[PDB]
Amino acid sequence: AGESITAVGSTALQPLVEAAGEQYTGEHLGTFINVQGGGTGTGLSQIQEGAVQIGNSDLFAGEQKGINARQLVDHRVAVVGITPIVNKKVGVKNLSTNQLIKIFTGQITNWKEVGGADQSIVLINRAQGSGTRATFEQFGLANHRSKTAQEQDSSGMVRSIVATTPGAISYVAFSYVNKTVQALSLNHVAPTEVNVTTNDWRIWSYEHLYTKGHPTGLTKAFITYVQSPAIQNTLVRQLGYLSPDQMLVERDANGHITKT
């Protein structure tokens, strides 16, 4: 029989929830933790509906139109960095902010315009509701909206399509970066953990495990486990995230940075 819970939403946060869930269940007999993707928007909508136990989100609940943040309870567990990624043959490893904006708005349409190969650019976006996309537009693109593009439903699908598609650019959480794609530096600042801690790399968000009301039972126990120093000092960092105590800045709802 045992005790089961389900967490759904953010694909950026999914790898940490899956890893922590399997670790928790192997350490606590008779427990089951089911994890799905769907994106931040689905996480927030499903937790508001009370259709799941945990909504996994890269955003504060109030950032999403139609979500009543006051019936949800926030639990922050990590910071995740987001990086542009390109197909390995585009011929560049860095863009300025202005170049990045011009690419995503469609003003620049060939990589040669930014010192790369003579190759048409193929924008790959996530769907609206993606917390990666929201964070990338706000802190990467200075609130510019992307040109209409091919869309993919998850972090993993964005990575695979970028890998195999000549000319492709997209964005993905730091953990998803691997040898099949190339992360870009921006303004010659690299997408590293240290640079997120200082906000020298600005494209990052807090990772949230939302509940409907204050949680009980296995939901409560698992969240406590994910936030515990033992797990923060190990698994969180291994999978590419930052424990919040590593941050040397804090960021508020107006985007204001305080240095701490």
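Don't overthink the numbering: it's just position in the shown sequence, from 1.
Mean C-alpha B-factor is higher over 64-72 than over the other stretch, the pair under comparison being 64-72 and 44-52. Stretches 236-244 and 18-26 differ in mean CA B factor, with 236-244 having the higher one. Annotation for 77, 181, 169, 95: 181 ranks highest, by Cα B-factor. Ranked within its chain, residue 127 lands in the highest third, by CA B factor from the PDB record. For residue 217, the recorded CA temperature factor ranks within the middle third of the chain's modelled residues. Ranked by C-alpha B-factor against the other modelled residues of its chain, residue 176 falls in the highest third.
Annotation for residue 105: CA B-factor lies in the middle third of the chain's modelled residues. In the PDB entry, residue 120 places in the highest third of its chain by CA B-factor.
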